[PDB]
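K.L.:
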Amino acid sequence: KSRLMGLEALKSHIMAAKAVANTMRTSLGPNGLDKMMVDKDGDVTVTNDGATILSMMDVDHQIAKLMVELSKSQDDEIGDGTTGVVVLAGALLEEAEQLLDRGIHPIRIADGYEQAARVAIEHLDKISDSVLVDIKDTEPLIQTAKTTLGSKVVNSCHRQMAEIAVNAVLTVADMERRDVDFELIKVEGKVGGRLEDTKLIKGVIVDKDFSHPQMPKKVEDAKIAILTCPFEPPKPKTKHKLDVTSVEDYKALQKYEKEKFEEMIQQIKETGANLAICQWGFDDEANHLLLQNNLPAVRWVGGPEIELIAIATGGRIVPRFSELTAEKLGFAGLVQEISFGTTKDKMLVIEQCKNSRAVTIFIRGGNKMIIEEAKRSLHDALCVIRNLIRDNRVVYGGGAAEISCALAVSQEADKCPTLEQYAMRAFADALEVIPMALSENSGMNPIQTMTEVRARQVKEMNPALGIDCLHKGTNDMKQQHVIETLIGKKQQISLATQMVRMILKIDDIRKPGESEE
Numbered sequence: 025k026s027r028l029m030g031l032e033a034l035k036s037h038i039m040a041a042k043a044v045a046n047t048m049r050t051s052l053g054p055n056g057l058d059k060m061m062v063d064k065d066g067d068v069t070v071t072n073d074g075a076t077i078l079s080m081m082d083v084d085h086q087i088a089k090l091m092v093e094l095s096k097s098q099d100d101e102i103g104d105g106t107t108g109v110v111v112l113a114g115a116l117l118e119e120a121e122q123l124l125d126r127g128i129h130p131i132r133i134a135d136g137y138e139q140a141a142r143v144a145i146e147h148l149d150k151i152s153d154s155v156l157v158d159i160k161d162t163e164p165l166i167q168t169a170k171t172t173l174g175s176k177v178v179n180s181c182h183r184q185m186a187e188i189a190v191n192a193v194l195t196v197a198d199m200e201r202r203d204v205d206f207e208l209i210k211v212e213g214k215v216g217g218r219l220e221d222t223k224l225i226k227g228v229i230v231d232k233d234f235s236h237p238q239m240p241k242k243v244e245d246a247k248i249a250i251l252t253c254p255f256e257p258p259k260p261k262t263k264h265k266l267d268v269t270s271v272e273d274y275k276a277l278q279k280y281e282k283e284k285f286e287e288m289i290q291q292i293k294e295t296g297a298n299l300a301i302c303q304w305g306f307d308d309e310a311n312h313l314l315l316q317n318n319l320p321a322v323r324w325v326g327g328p329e330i331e332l333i334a335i336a337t338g339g340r341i342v343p344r345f346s347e348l349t350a351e352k353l354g355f356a357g358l359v360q361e362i363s364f365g366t367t368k369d370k371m372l373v374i375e376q377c378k379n380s381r382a383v384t385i386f387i388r389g390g391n392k393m394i395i396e397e398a399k400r401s402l403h404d405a406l407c408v409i410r411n412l413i414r415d416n417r418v419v420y421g422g423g424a425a426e427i428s429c430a431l432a433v434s435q436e437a438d439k440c441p442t443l444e445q446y447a448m449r450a451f452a453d454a455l456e457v458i459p460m461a462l463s464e465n466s467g468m469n470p471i472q473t474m475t476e477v478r479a480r481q482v483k484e485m486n487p488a489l490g491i492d493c494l495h496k497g498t499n500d501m502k503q504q505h506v507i508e509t510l511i512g513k514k515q516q517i518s519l520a521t522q523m524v525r526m527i528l529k530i531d532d533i534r535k536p537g538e539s540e541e
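According to UniProt numbering, the sequence shown is numbered sequentially starting from 25.
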């Protein structure tokens, strides 16, 4: 019988946490090193996302399995910080070992880590001012997008992706009362092309909808008929009812339905925008009737799909087939065909030259892994900017916010006369793993580099001046362009402390209170 005594039982978790943290600590910030991996199919991908590397590597340890969820919860809600959450969780565990050497009970140290995390999270509301100038904020957003794509996934830093990701959000925020929804920006990424192929889409891309390839595919002028009214008889998986006075009336009813097709065609044709986009669907039996008259229509359109085109132009949607006016039609600037891959298919792109309310980033790749990573680079860039434009709640992380939170925790360790005071101090020290790792990957001495920021934390409260991540040697975050969302840093700390509590819950079956000593 093999028994793991004390630190040996925890050493399994410590080593696994270090095994991942050793790769996460080198990927933090704009100066992070990308991780290249070859899949089981011989597919090479380049990512700097902690979630991707943890999911792609073969899991052989409980920590490696839990860390996947730790990073996944970060990109699903926040985006960036998938590597930072793991580093922080590992640092809390690494310090936990020292707490055990103090003789502090394994559960009591876990209790102290949770208490310190609560204070460190709440202290972020005061860290970093809520006043941001549109012009001054535009620059770090551009630099952030460039480093997010150019240092993490794509080594050539695509100019279009980094610039469009920022302009797509800022250009739409001004026309939407200084707010941005998810329908104003879209990232289009398809496998079948090449990674170097990137295009600027001024509007949105819509997939052509035809019930039969034998029917002619017509494309015309830059006018889109966005209709909610029934342009083709609806059939939501059910059947209509017949109400006729006589057999002759039924024959007249069959002709009446045919006449309705002709009337709807003529009514829209006299107004323009022969491409009808309707949320109502039907079978192919009526779809060929509209196509046989050379009038295409899109059927079974979802809620966000019709709203996406409607918002892209900024016009209205037609509630009734009898009421047709230019104000209820789309206002497109250029309608052209865009190729899908190189040989597979073609998509119809509707661009706007008057109101850029929907800016789409069009990227291609020859590998599913690289296209998803390219989209993730845009996901992080678009999430940070989306929150900073919607609200001015920003955190200057990377050593400034972390040291400030460390002080807030240490102060409680001195105010609280209890046994957990040492565990809380350990948490405050663990917060410094981030600036440490950011300077550890660089040529700078992390100890001497963090010395200035720590001294500044004493001199002034809630500093926005941390260590540089561009290797410039200037201790700032407003000139180094290292900005994150306030909620993002809160999520990183909240998730990391949860990991600690779960692994330092050694064998207690019933959930206890924070028992005294």
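The beta-carbon is built from N, C-alpha and C at its ideal position, and this holds for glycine as well.
Measuring straight from C-alpha to C-alpha, what distance separates residue 290 and residue 411?
P.N.:
Roughly 46 Å separates the two Cα atoms.
K.L.:
For residue 498, count neighbouring Cβ atoms within 10 angstroms of its own Cβ and tell me buried if that reaches 16, exposed if not.
P.N.:
So residue 498 counts as exposed.
K.L.:
Determine the direct distance from the alpha carbon of residue 108 to that of residue 55, and round the result to whole angstroms.
P.N.:
Answer to the nearest angstrom: the Cα atoms are 13 Å apart.
K.L.:
Would you mind sorting residue 106 into buried or exposed? The rule is 16 or more other CB atoms within 10 Å of its CB.
P.N.:
Counting Cβ neighbours within 10 Å, residue 106 comes out buried, since at least 16 surround it.
K.L.:
Contact between the region 232-247 and the region 414-429: three or more CB pairs below 8 Å?
P.N.:
Cβ pair count under 8 Å is below three, so no.
K.L.:
Report yes or no: do the region 317-332 and the region 343-362 share at least 3 C-beta pairs separated by less than 8 Å?
P.N.:
At 8 Å Cβ cutoff, the stretches do not touch.
K.L.:
Which one of 52, 230, 33 has the shortest CA to CA distance from residue 508?
P.N.:
That would be 52, whose Cα lies nearest to the Cα of residue 508.
K.L.:
What separation, rounded to the nearest whole angstrom, lies between the Cα atoms of residue 489 and residue 456?
P.N.:
Each residue's alpha carbon lies about 14 Å from the other.
K.L.:
Can you check DSSP and say which residues form a bridge with residue 389?
P.N.:
In DSSP, residue 389 forms a bridge with 215.
K.L.:
At a threshold of 6 Å, does residue 136 count as lining the ligand ATP (C-beta to nearest heavy atom)?
P.N.:
The ligand content of the structure shown is nil, which means the ligand ATP is not present either.
K.L.:
Which same chain residues end up closer than 6 Å to residue 285 when comparing Cβ atoms and leaving out the 5 residues on each side of it in sequence?
P.N.:
Result list for residue 285: 313, in chain order.
K.L.:
Identify, in the order they occur along the chain, each residue of the same chain with its Cβ nearer than 6 Å to the Cβ of residue 476, setting aside the five sequence neighbours on each side.
P.N.:
Hits under 6 Å: 499.
K.L.:
For a test of the three-state rule: what should DSSP assign to residue 404, helix, strand or coil?
P.N.:
The answer is helix: DSSP assigns residue 404 an H, G or I state.
K.L.:
Looking at the secondary structure, which residues open and close the beta strand (DSSP E) in which residue 369 lies?
P.N.:
Taken as a continuous stretch (DSSP letters only), the beta strand (DSSP E) holding residue 369 covers 369-375.
K.L.:
Check whether the Cβ atoms of residue 75 and residue 96 sit closer than 7 Å, and answer yes or no.
P.N.:
Contact flag set, yes.
K.L.:
Less than 8 Å between C-beta atoms, sequence neighbours within five positions excluded: which residues of the same chain meet that for residue 177?
P.N.:
Closer than 8 Å at the Cβ level, and outside the excluded window around residue 177, lie 58, 70, 71, 72, 394, 397, 398, 400, 401.
K.L.:
Among 454, 256, 199, which has the Cα closest to the Cα of residue 136?
P.N.:
If we check each option's Cα against that of residue 136, 454 comes out closest.
K.L.:
Could you tell me which uninterrupted beta strand (DSSP E) segments, each at least 3 residues in length, are contained entirely in the region 299-343, listed from first to last along the chain?
P.N.:
Within the region 299-343, the complete beta strand (DSSP E) runs of at least 3 residues are 300-302.
K.L.:
Could you give the DSSP three-state label for residue 360: helix, strand or coil?
P.N.:
Residue 360 falls in the strand class under three-state DSSP.
K.L.:
With DSSP collapsed to three states, give me the class of residue 151.
P.N.:
Residue 151: coil per DSSP, three-state reduction.
K.L.:
Just verifying my parser: in three-state terms, what is the DSSP assignment at residue 64?
P.N.:
The answer is coil: DSSP assigns residue 64 none of H, G, I, E or B.
K.L.:
Could you tell me how far apart the beta carbons of residue 308 and residue 363 are, in whole angstroms, since I believe they sit closer than 8 Å?
P.N.:
That belief does not hold up - the Cβ atoms of residue 308 and residue 363 are roughly 26 Å apart, past 8 Å.
K.L.:
Do three or more CB pairs link the region 427-435 to the region 258-273 at distances below 8 Å?
P.N.:
Touching, no, given that fewer than three Cβ pairs across the two stretches are closer than 8 Å.
K.L.:
Just the Cα atoms here: how many angstroms apart are residue 409 and residue 38?
P.N.:
Rounded to the nearest angstrom, the two C-alpha atoms are 35 Å apart.
K.L.:
Near residue 89, what residues of its chain come up, given a Cβ to Cβ distance below 7 Å and the 5 sequence neighbours on each side ignored?
P.N.:
The residues are 83.
K.L.:
Relative to the alpha-carbon of residue 253, which residue among 301, 274, 296 has its alpha-carbon at the smallest distance?
P.N.:
Closest by alpha carbon: 301.
K.L.:
Closer than 6 Å by C-beta to residue 115: which residues in its own chain qualify, once you throw out the five before and the five after it? Chain order, please.
P.N.:
So the list reads 454, 457, once near-sequence residues are dropped.
K.L.:
Of the residues 370, 446, 134, 420, which one's Cα is nearest the Cα of residue 155?
P.N.:
The candidate whose alpha carbon is nearest that of residue 155 is 420.
K.L.:
Residue 128 to residue 470, Cα distance in whole Å?
P.N.:
Near 29 Å, if we compare the C-alpha coordinates of residue 470 and residue 128.
K.L.:
Measure from the alpha carbon of residue 374 to the alpha carbon of each residue in 278, 452, 248, then state which is nearest.
P.N.:
Nearest option by C-alpha distance: 248.
K.L.:
Determine the burial state of residue 277: buried for a count of at least 16 other Cβ atoms within 10 Å of its Cβ, exposed for fewer.
P.N.:
Residue 277 comes out exposed.
K.L.:
Residue 59 by DSSP, collapsed to three states: which one?
P.N.:
Three-state result, residue 59: strand.
K.L.:
According to the neighbour-count rule (16 or more other Cβ atoms, all chains shown, within 10 Å of its Cβ), is residue 206 buried or exposed?
P.N.:
Per the 10 Å Cβ criterion, exposed.
K.L.:
Flag this pair as yes or no: are the beta carbons of residue 513 and residue 452 separated by less than 7 Å?
P.N.:
Cβ distance not < 7 Å, so residue 513 and residue 452 don't count as in contact.
K.L.:
Cβ of residue 388 within 7 Å of Cβ of residue 218?
P.N.:
Yes.
K.L.:
In whole angstroms, give me the CA-to-CA distance for residue 255 and residue 383.
P.N.:
Their Cα atoms are separated by approximately 29 Å.
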